[PDB]
Structure formats: structure tokens, C-alpha cells
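Shown below, as C-alpha cells, is a lone chain in the form deposited in one PDB entry; questions about how it binds or moves come after it.
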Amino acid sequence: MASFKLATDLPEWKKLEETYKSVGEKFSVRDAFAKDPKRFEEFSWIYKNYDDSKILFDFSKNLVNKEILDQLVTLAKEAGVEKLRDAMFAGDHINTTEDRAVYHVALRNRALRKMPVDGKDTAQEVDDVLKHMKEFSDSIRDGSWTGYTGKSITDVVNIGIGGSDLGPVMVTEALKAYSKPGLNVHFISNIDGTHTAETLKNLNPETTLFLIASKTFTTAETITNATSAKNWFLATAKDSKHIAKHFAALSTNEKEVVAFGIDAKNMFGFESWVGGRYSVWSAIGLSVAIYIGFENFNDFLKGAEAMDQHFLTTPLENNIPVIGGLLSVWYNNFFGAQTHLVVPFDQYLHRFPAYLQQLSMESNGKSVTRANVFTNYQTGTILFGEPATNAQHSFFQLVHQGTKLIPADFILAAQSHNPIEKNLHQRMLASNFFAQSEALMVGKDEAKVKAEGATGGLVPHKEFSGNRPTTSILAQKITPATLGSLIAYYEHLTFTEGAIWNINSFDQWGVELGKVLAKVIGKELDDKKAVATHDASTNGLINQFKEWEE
């Protein structure tokens, strides 16, 4: 049960409202640096990973100072962020609406700490699945696992959707430098038949392995796609006895896996307390272990584990994911900014914003608190992004000169996996990282526009307000361990937001509804008869579709 009903019941909330009016709304970052020669030192933190690599989190270009941050920390104390966090790590059923533990942190428990659910340690059970993943992925990679004609596997196709898709997509893209020629990964997720047809068109059934990724193993899109892949395989392989060399399952539901025709020996299990958007650390990450090797996957887990330990053991005022979450609340609930931009200065990380968009919005897009009352304030932000430098040429126009405050996170690795031309491209990339956050802060006033040659009516069009906030995250290199720590940072930032708003960050009743909505209309699409069973728009759309379909 909750210790308070609404975030607005916390006494510091109205104090933050007063501080916003007096100090926050018109905050000058330029003035803040001028007033405080140690501002960069005070509002940046170096995170040290388990492997002694480092990530610099620089929050000093945000609309924040000592007073504001101190009050946000007080708000986090009043909200019981630490109590709820400790309950999560203790295995308590803090997913109240589904009565489930929330234990993705147990998936990366490589230290084998005691981490119990329902009073029973999970460490060995998690480790045993990882050992199965290591054995299987090693056998795919070294060629000892062969297809039905005796050939080594060359292509691995993950079939799944949502949390069973986007992690595998984003992480294999992000860590692609660690892959090897001749062993490729592909993804089928959309029910749109295009996804099946285009992905399989050049693949060989003899050398293709399918992973059917589904927590429930009942999702309509995934089972339908999996059946289509089975039909494609059997069109060449003919006999269903060959399925055991080409189909594995990543799931919690052994009975449904076996009923689908997959061998239980080829099932990689996980538990109900793994949320889909928190699941790439589990068996769902098997495509990652195959693509880059289990040891790299394990280093990825250990990076998450190190960030978990930072989040668990650090006082709030120096707790990096807490600080990021507090700033999000500040912008969302006091400035009224509805969005959060994440920009990787890194092409491999091109799907990182989409992954965070699921993690963040599906967790915190809620309107009811843990006291089971409706909110009277804003909850989850709309998260979006694209990689830089491309984004600088497109929607950065609005970030710089529009009418909306868009808090932004910029991410750069100091070292490239592809340092071509003795790092000529990498130095250019880096210079854009520094210069863009600098310009968003400093702006360009009327006098400077005039000095640069504009006169008359042109002048205001070329001005920049400045005081547009950024967070800069500088890693040494995007290794598996670094990426593990970066995802976990956003996981625990998301945790902090939800704890302050007092929402359940771990259910998703809108996604659960979506998975049962379509069946009724699907049955109506089995013929060409006009329908009148819905509202007039739904009827009109269905009936126009029936006139235009094949």
C-alpha cells in the first residue's frame, strides 16, 4: 500500500511551485555559470563501471541550481523513492495491479547475490538459463549446431513484437561492431505480411534459425508470424521432424511452446516478473548472445548490474539516475514541457531513442496512482529522438528556435569502433556534440545578429534565445558494458519519475487491451458484407475497406 495518494500531497511539491515562479521560469544558465565558478564540477558526475571504464554525466546546462536540486531531492525523500526502490530489489510485488514482483535487476545478478521472489532466491534459476544461452549460442557460433541438411547456421531470425523485439533490435544494432562476418541477425515483428516476406526472401531454410520470442507465447502477431515462418521452413524442409534444429523459443509458457511444436530442450525460460520493456537482459536477449557472443552479452549484463548497484547504494543527491529523473519531473510538471529528446551522436545507437521511447512511455503513461485514485497532474513525458549529426539538419531547427521547451540528452563516445582516417570523422562528430549543447545554452542575441550583418526586419529571425537545456553524457567507448549501464540508467530514471508521480511504472493495461481489441473486427473481415455494429466512423472505414480490399 501507498504512503501518500498524489504527488501534489507531498509538501515539497508546492514549495517547488513557488521556486519555479521565483527562480525557475526565468532561469539563466549563463548567469548560473557566472555566479558559480564550480558549477560544472557540482552538476556533473563520473560513473565508474565494474570494468573501471567511465561515463561522464554532465547536467550543468540544465535549468537547475543548488536550491532547486536540493528541493527536488527533498521531494524524492517525501515520495519514498528509496523505500520503493529497496522493495523492488527485495523482490516485493510492487507491480500492484498484476500482483507481480519487478525483478529485471535479478536478470543481471552475475555476482549471484541472494535475490528472492516469494522468499526463494532467484540467482541459480537465472544463472541456469544464462548457462543454457551460453551453451546454445556457442554452438551456433562455432558451427557445431547444424541444420537439417548438416550445414552451419548463417542467419538467425527473431520473431516477436514490442518488448520481445525492440531490445534485440536496438542492442544488436548498437553492438554490431562486435559481430562476425557470415553470422547475421534479422527480425520479424509486424503482423504486416511485408515484414515476413521481405525478411525471408533471400534466406535459406537449411541455414536459418528462428527464435520465437514471446513472454506469453499467445500474442496474435507473434504466433501468426511464427506459423508463417514454420510454413516457409516446411515448404523446403518438408518433414516436421526437422523443426527441432531450426526453431527455439524464448518464453515463460512451456505448455504453449510445446503445443506449438517446439522442443522443450529448445526453450529458454524466464519469469512473470520480467516486464517486456525490461526483458532484453533475459532469455529474450538470446539473439544478442548469438550475434556478438555470450561473453559480450554477459559484459552487457554486468554493466547493468554495476548501474543497479550505483542506484541502490548512492545517496539521492549524488545518485545519477535519480538526478536525471528529478530533472524530468521539474521540466514535465513545473515548466510544462511535454517531451524529452534523446540524441545519440552515434550511428550504431540509431534505434536507442525508439527503445527508450518504449521503456519510458509504456512505463509512465499512466493516470492512476498506487493509492488507486486518478492523478491531477502530468505523468509520463513523450520521448523521441534520432541520431546526430542528422538530427541537427532537421528537427533541431525547432529545438533551437521554436516555442516549445524540449529537454534533451546528448550521448557521445570518446572512442569510435570505426576510427577511419586517423579519427578525422570522429573529431568532427565530437565537435558537433560540444558545439550544439553550447549553442542551445548561449543563444545569439539581437546585438550579435546585427554585428553579424543583419538589418531591419531580418534581425529577429536570426536570434536564438539560449537557455535551452541539455544533458551531455560522454562515454569512453560504447562497449557492451557501457551500453548495459546506459540502459540501466534510463531504467532507473524511469523508476524515479514513476515513484514521484506515485504511479505503477510496471503494468500496461493499454497494451494489454490492444491485444484483445482486434479479434471482433477480424471476424467481421471474413466476408464482404457491410457492417453496422460500431460507431459510424468505424463502420464507414470497415465498409470502405471491404469495397477496396482484394
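Think of the rigid core as the biggest set of C-alphas that the two forms share within 1.5 Å after superposition. Start at 1 with the first residue shown and count on from there.
- In 6 other deposited structures of this protein, superposed on the rigid core, the segment with the larger root-mean-square CA displacement between 474-482 and 260-268 is 260-268.
- Fitting each structure in 6 other deposited structures of this protein onto the rigid core and averaging C-alpha distances over structures and residues, 246-254 emerges as the more displaced of 348-356 and 246-254.
- The PDB entry reports B-factors from which the mean C-alpha value can be compared for 50-58 and 30-38; the larger average falls on 30-38.
- When 488-496 is weighed against 510-518, 510-518 comes out higher, by mean CA B-factor as recorded in the entry.
- Per the deposited coordinates, the residue with the largest Cα temperature factor out of 236, 389, 287, 471 is 236.
- The maximum CA B-factor among the listed residues 416, 196, 358, 219, taken from the PDB record, is found at 219.
- Among the modelled residues of its chain, residue 71 has a C-alpha B-factor that falls in the middle third, as given in the PDB entry.
- Placement of the Cα temperature factor of residue 148 within the chain: highest third of the modelled residues, per the deposited record.
- Among all modelled residues in its chain, residue 173 ranks in the lowest third by Cα B-factor.
- Sorting the modelled residues of the chain by their CA temperature factor places residue 122 in the middle third.
- Placement of the Cα temperature factor of residue 371 within the chain: middle third of the modelled residues, per the deposited record.
The discussion below concerns the form solved in complex with a small molecule, not included here.
- Residue contact check for residue 494: one or more of its heavy atoms lie within 4.5 Å of the small molecule in the deposited bound form.
- The shortest heavy atom separation between residue 47 and the small molecule in the deposited bound form exceeds 4.5 Å.
- Mapping the unseen interface onto this chain, residue 33 falls outside it, with no heavy atom inside 4.5 Å of the small molecule in the deposited bound form.
- Contact annotation for residue 356: at least one heavy atom lies within 4.5 Å of the small molecule in the deposited bound form.
- Site residues 141, 154 and 291 are none of them in contact with the small molecule in the deposited bound form, judged by any heavy atom within 4.5 Å.
- Annotated contact segment (heavy atom within 4.5 Å of the small molecule in the deposited bound form): 381-389, selected among 144-152, 79-87, 381-389, 437-445.
- Here is the short version: of 360, 189, 471, 137, the single residue with a heavy atom within 4.5 Å of the small molecule in the deposited bound form is 360.
- Residue in contact with the small molecule in the deposited bound form (any heavy atom within 4.5 Å), chosen from 366, 104, 340, 246: 340.
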